[PDB]
Amino acid sequence: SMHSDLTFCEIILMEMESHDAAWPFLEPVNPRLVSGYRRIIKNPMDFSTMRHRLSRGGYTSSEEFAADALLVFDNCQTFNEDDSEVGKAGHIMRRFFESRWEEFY
Ligand SMILES: C/N=C(/NC)NC1CCN(c2cc(OC)cc(OC)c2)CC1
Ligand SMILES: CCc1ccc2[nH]c(-c3cnnn3C)nc2c1
């Protein structure tokens, strides 16, 4: 399970999931709702996958956790236009994440 040294990451993820702009990213991109996603995006990532990986010991370090957070945002900018609703949400969430992370790094 998660080492207590990563509790600060657990909190950041909780706060991201609560954010207004988090809705596109809470669960894996859903083929019932979005077509052609995995055709373009080789390594999907989302906050529920991160939450399970973190809580069950699948991140050894904060760097691995942060890499998955950035993957959420990098995938979003690969798939979505910047002026789309989901594209805008990804930019908001990247800023929010980086602001929280910078309190530690
Ligand atoms: C600004 N905050 C939120 N949520 C907290 N916005 C969302 C965004 C749009 N929306 C939505 C979008 C869909 O796309 C296929 C399908 C769908 O089926 C239920 C719902 C739900 C509301
Ligand atoms: C209402 C749930 C929902 C609907 C449509 C979505 N689209 C995306 C997304 C993420 N990254 N790219 N897209 C297009 N998440 C979504 C969540």
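Cut-offs applied
Residues numbered from 1 in each chain as written, not as in the entry; some residues may be left out. Chains lettered and ligands numbered in written order. Heavy atoms only, no water. Near = heavy atom within 4 Å. Polar contact = N/O pair within 3.5 Å; in protein donor to acceptor, adjacent residues only side chain to side chain. Areas by Shrake-Rupley, 256 points an atom, 1.4 Å probe, with all protein chains shown as cover. Nonpolar A, V, L, I, M, F, W, Y, C, P; charged D, E, K, R; others polar. Core = buried A, V, L, I, M, F, W, Y, C linked by side-chain atoms within 4.5 Å. Buried < 20%, exposed > 50% of the residue type's maximum accessible area, 1.4 Å probe, protein only. Helix = DSSP H or I, 4+ residues; strand = E, 2+ residues; numbered from the N terminus. Contact = heavy atoms within 4.5 Å.

Structure determination for this entry, per the PDB record, employed X-ray crystallography and reached 1.4280 Å resolution.

Novice: Account for the site of ligand 2, with residues named and values stated.
Specialist: In the vicinity of ligand 2, the contacting residues are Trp23, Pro24, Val29, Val34, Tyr37, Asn80 and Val86. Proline 24 has a polar backbone atom sitting 2.9 Å from a nitrogen atom of ligand 2. A distance of 3.0 Å separates a nitrogen atom of ligand 2 from a polar atom in the side chain of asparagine 80. Burial of ligand 2 by the surrounding chains reaches 67%, relative to a free accessible area of 410 Å². By residue class, the composition of the shell around ligand 2 is six nonpolar, one polar and no charged.

Novice: I'd like a description of the nonpolar core, backed by residues and values.
Specialist: Ranked by size, the top nonpolar core spans 26 residues in total, and within it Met16, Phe47, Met50, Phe65, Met93 and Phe97 carry the most contacts. Every element with two or more residues in this core is listed here: α1 (7-18), α2 (47-55), α3 (62-79) and α4 (85-102). The biggest single contributor to this core is α3, with six residues. Setting aside chain neighbours within four positions, we find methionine 50 in contact with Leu13, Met45, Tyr59, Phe65, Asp68, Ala69 and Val72.

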